[PDB]
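Chains A and B, in that order, are what the protein sequence lines are.
Here this note's numbering is used: the first residue of the first sequence is 3, the next is one more, and so on.
Here this note's numbering is used: the first residue of the second sequence is 3, the next is one more, and so on.
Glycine is no exception: its CB is placed at the ideal position from the N, C-alpha and C atoms.
Structure, as structure tokens:
There are 2 protein chains.
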Amino acid sequence: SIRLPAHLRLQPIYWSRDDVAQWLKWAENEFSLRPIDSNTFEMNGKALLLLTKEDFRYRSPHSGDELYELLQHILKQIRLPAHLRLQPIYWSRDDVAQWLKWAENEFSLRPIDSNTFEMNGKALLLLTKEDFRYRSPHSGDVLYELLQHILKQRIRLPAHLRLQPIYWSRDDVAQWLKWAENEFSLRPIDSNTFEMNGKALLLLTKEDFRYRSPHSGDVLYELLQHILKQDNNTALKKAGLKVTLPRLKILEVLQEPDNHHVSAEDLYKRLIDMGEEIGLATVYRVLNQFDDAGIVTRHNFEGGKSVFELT
Amino acid sequence: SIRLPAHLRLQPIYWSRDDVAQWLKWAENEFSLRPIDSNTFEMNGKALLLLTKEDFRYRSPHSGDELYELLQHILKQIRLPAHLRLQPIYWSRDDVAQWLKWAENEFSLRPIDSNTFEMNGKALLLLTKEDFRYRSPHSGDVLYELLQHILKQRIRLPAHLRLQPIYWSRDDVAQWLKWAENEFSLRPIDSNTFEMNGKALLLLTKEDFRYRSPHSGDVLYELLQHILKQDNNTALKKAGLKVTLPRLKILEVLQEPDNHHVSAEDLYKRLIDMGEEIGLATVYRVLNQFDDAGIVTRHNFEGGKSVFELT
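Quick look at the structure:
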């Protein structure tokens, strides 16, 4: 029992950006609210539907909770461009940029500059909602919610950097920055961005990361926060294979200090010496199934002389 | 009852490229075949399994049928890099190139030069098996079969060019070439590649297309061959909507010579004059559902004054 004009009585999914603005103006007068600036929700009705109640309160502290609930009352009676149908973990930097361009058209947002998110989908997924708001004051909340919706519809370090950040040296910090530039497709990260060790890097606030690095500081800080939060029978199961005696034994021989690298025939000869009763072609099949399941690597040599190496 | 050595008695899926070669040499001697050059199948066993019987006969006219059937006798007792999980219709030119690089690693092929297929996935899908062989004498048949397998696991012209090729002028031929360069991501197609009309273009063999255009002639010829081969109740159904009287009428008013572009209120007023009994908010909802279903386009104007245009 709230009377909107005819073109606002349809489903909000249909409301243009002007319809959104006429709705706000209608509500302000209907409910004696504080003035609602015509710029408070620069989007269409489809975009407004993606916003959380918290996003309403954030855009309109005087009236947002009220507008959200007015919207639920009104309600009580997504396919992307071809290259973007992948899980966002796989979007390239170019994809992210095409995602922005699609989104700005789909949702009538204010112009999203093409350097707003210069990073790949993996990096995008590291950012917080706060970081989307910061990069995009007009549309960051819609964009973040857009992404969460795309996720409903559906990172390990280099070896030289797998020790706690607290022990990193200046040099490690430097290798981290250039590892992260490549992994996350970020703008160039000049070698002097963070001239310090891990202990000092751990003292910086996210605002320090942003100042040192306008293009990538938020990604880098959340990467750091991520990094800080993050029996042969089972060995076989864990790699996808049924336990058999021929598998256990061969696996056993490969775990000998001498037999890490071993060819099929030597493995066989080694099995016999131990008094095991296993056939030659069986040794070949096991080690190749082991290869396929990541337990060993086959290194080829002509005529049944490949050497198998336990990974 | 064919006795291979131990490492060739495993499943062919496991055979390296050398194992393939030792198998051929074994077969040649076991079956008194003509000499089989060690270069006849430069691939691993996984690749050999993708080849058709026809590919066997083509690689070995003296012995291929025989090798294929030996292989079926032996048998009688695919996940791509992340960016390539899309239907191949969507692969970019860069994807195609990454597809080649993955394939050459996966299958131990001879080196596939990165300019072997300079075109996008749509273009790749136009090529015949013969064109894959021509572009890649060592691996083209495997690659084509690889693609068919990826498809089991799962183009309209610009308006100025939708008339039969037989009527194309020189100028049209020229617009076709640059439309196709953009659509298929081909190398630059110099304006002098085909200085002639559609009737003459239709006289050229595929070999003429290849000579005029080493980078793209086969794509262009198959594009040409593709092009040459290729009631309101139903109007509503065809666009995804249940027939209702309010829909039929509005659709009817929009098909008037005067009302192609019409706003909701005028449509309403026009319905009344005809003695129709339909409410104003209903006119709004229909035209917006029509918009969403491609029957009209909504052109926005502030305050319920959008003009709707029949597409």
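Practice problem: Identify the continuous alpha helix (DSSP H) that holds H228 of chain A and give its terminal residues. | Solution: Taking the first residue of the first sequence as 1, we reach residue 228 of chain A at position 226. Where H228 of chain A is concerned, the enclosing alpha helix (DSSP H) stretches over 219-231.
Quiz item: What are the boundary residues of the beta strand (DSSP E) that includes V309 of chain B?
Solution: Along the second sequence, read from residue 1 onward, the residue named residue 309 of chain B stands at position 307. First-last of the beta strand (DSSP E) with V309 of chain B: 309-312.
Self-check item: Short Cβ contact (8 Å threshold) for residue 1 of chain A with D173 of chain A
Solution: The displayed coordinates of chain A run from 3 to 313. Any statement about residue 1 of chain A would go beyond what the structure contains.
Quiz item: Along chain A, which residues have their Cβ under 9 Å away from the Cβ of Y16 of chain B?
Solution: As a first step, residue 16 of chain B must be located in the second sequence, where it is residue number 14. Neighbours of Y16 of chain B on chain A, chain order: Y286, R287, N290, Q291, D293, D294, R300.
Quiz prompt | Between the CA atoms of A23 of chain A and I274 of chain B - distance to the nearest angstrom | solution = If you number the second sequence from 1, residue 274 of chain B lands on position 272. If you number the first sequence from 1, residue 23 of chain A lands on position 21. In a straight line, the C-alpha of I274 of chain B is about 31 Å away from that of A23 of chain A.
Practice problem: Verify the CB distance criterion: does residue 2 of chain B have a CB-CB separation below 8 Å to chain A? | Solution: No statement about residue 2 of chain B is possible, as the shown extent of chain B runs from 3 to 313 and does not include it.
Quiz item: Between the C-alpha atoms of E56 of chain B and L247 of chain B, what's the straight-line distance to the nearest angstrom?
Solution: Position 54 of the second sequence holds residue 56 of chain B. Position 245 of the second sequence holds residue 247 of chain B. Going from the Cα of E56 of chain B to the Cα of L247 of chain B covers about 59 Å.
Quiz item: Alpha carbon to alpha carbon, how far is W170 of chain A from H301 of chain A?
Solution: In the first sequence, counting from the first residue as 1, residue 170 of chain A sits at position 168. In the first sequence, counting from the first residue as 1, residue 301 of chain A sits at position 299. Taking the straight line joining both Cα atoms gives about 35 Å.
Exercise. Can you check DSSP and say which residues form a bridge with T299 of chain A?
Key: Counting from 1 along the first sequence, the entry for residue 299 of chain A is found at position 297. Paired residues: A:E311.
Quiz item: Alpha carbon to alpha carbon, what distance is there between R36 of chain B and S62 of chain B?
Solution: Residue 62 of chain B sits at position 60 when you count from the first residue of the second sequence. Residue 36 of chain B sits at position 34 when you count from the first residue of the second sequence. If I take the Cα positions, the gap works out to 10 Å.
Exercise. Taking only beta carbons into account, state which residues of the segment 23-42 of chain A come closer than 7 Å to chain B, listed in chain order.
Key: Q24
Practice problem: Identify, in the order they occur along the chain, each residue of the same chain with its Cβ nearer than 6 Å to the Cβ of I191 of chain B, setting aside the five sequence neighbours on each side. | Solution: Taking the second sequence and counting its residues from 1, the one referred to as residue 191 of chain B is at position 189. Excluding sequence neighbours, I191 of chain B sits near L179, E183.
Quiz prompt | Residue from B:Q166, B:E209, B:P167 whose Cα sits closest to the Cα of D133 of chain B | solution = Within the second sequence, the letter at position 131 stands for residue 133 of chain B. The residue from B:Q166, B:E209, B:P167 with its alpha-carbon nearest to that of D133 of chain B is B:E209.
Quiz prompt | Where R272 of chain A meets chain B, residues with beta-carbon distance less than 9 Å | solution = Position 270 of the first sequence, counted from the first residue, corresponds to residue 272 of chain A. The contact set of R272 of chain A on chain B, defined by CB atoms closer than 9 Å, is empty, because the minimum CB distance reaches about 16 Å.
Exercise. For chain A, find out if any of its Cβ atoms is closer than 8 Å to the Cβ of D20 of chain B; answer yes or no.
Key: For the purposes of this step, residue 20 of chain B is taken as the residue at position 18 of the second sequence. Interface residue, yes.
Quiz item: In chain order, what residues of the same chain lie with their CB nearer than 6 Å to the CB of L243 of chain A, ignoring the 5 residues before and after it?
Solution: Numbered from 1 along the first sequence, position 241 holds the residue referred to as residue 243 of chain A. These residues qualify, in order along the chain: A295.
Quiz item: For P83 of chain B, which residues from the same chain have a beta carbon less than 7 Å from its beta carbon, with the 5 sequence-adjacent residues on both sides left out?
Solution: Locating residue 83 of chain B in the second sequence gives position 81, where the first residue counts as 1. Once the five neighbours on either side are set aside, the close Cβ partners of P83 of chain B are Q100, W104.
Self-check item: Where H263 of chain A sits in the DSSP three-state scheme
Solution: Stepping through the first sequence from its first residue, residue 263 of chain A is reached at position 261. Strand, per DSSP.
Quiz item: Taking a cut of 9 Å between CB atoms, which residues from the segment 217-241 of chain B lie near chain A?
Solution: The segment 217-241 of chain B vs chain A, Cβ under 9 Å: nothing.
Practice problem: Could you spell out where the alpha helix (DSSP H) holding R137 of chain B opens and where it closes? | Solution: Here residue 137 of chain B refers to the residue found at position 135 when the second sequence is read from its first residue. First-last of the alpha helix (DSSP H) with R137 of chain B: 131-137.
Exercise. Can you pull the chain A residues whose beta carbon is under 8 Å from the beta carbon of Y92 of chain B, in chain order?
Key: Indexing the second sequence from 1 puts residue 92 of chain B at position 90. Per Cβ cutoff of 8 Å: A84, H85, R87.
Quiz item: Would you report the Cα separation of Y270 of chain B and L256 of chain B, rounded to the nearest angstrom?
Solution: Taking the second sequence and counting its residues from 1, one reaches residue 270 of chain B at position 268. Taking the second sequence and counting its residues from 1, one reaches residue 256 of chain B at position 254. Taking the straight line joining both Cα atoms gives about 11 Å.
Quiz item: Taking C-alpha atoms, which residue in B:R212, B:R5, B:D233 lies nearest to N31 of chain B?
Solution: Walking along the second sequence from the start, residue 31 of chain B turns up at place 29. Nearest of B:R212, B:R5, B:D233 to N31 of chain B, Cα basis: B:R5.
Self-check item: Identity of the residue in A:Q150, A:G305, A:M121 nearest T54 of chain A by Cα
Solution: Position 52 of the first sequence, counted from the start, is the residue given in the question as residue 54 of chain A. Of the listed residues, the one whose Cα sits closest to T54 of chain A is A:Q150.
Exercise. Spatial neighbours of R137 of chain B within its chain, please: CB distance less than 6 Å, with the 5 preceding and 5 following residues excluded, ordered by chain position.
Key: On the second sequence, position 135 is the one that residue 137 of chain B refers to. So the qualifying residues of the chain are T118.
Quiz item: Apart from the five residues on each side of it in sequence, which residues of its chain come closer than 6 Å, Cβ to Cβ, to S116 of chain A?
Solution: Within the first sequence, numbered from 1, the residue matching residue 116 of chain A stands at position 114. Result list for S116 of chain A: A99, in chain order.
Quiz item: Would you say residue 1 of chain B faces chain A, with C-beta separation under 8 Å as the test?
Solution: Only positions 3 to 313 of chain B appear in the structure, and residue 1 of chain B is not among them; the question remains open.
Quiz item: Hey, how far is the Cα of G305 of chain B from the Cα of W28 of chain A?
Solution: Position 303 of the second sequence, counted from the first residue, corresponds to residue 305 of chain B. Position 26 of the first sequence, counted from the first residue, corresponds to residue 28 of chain A. Each residue's Cα considered, the two are about 12 Å apart.
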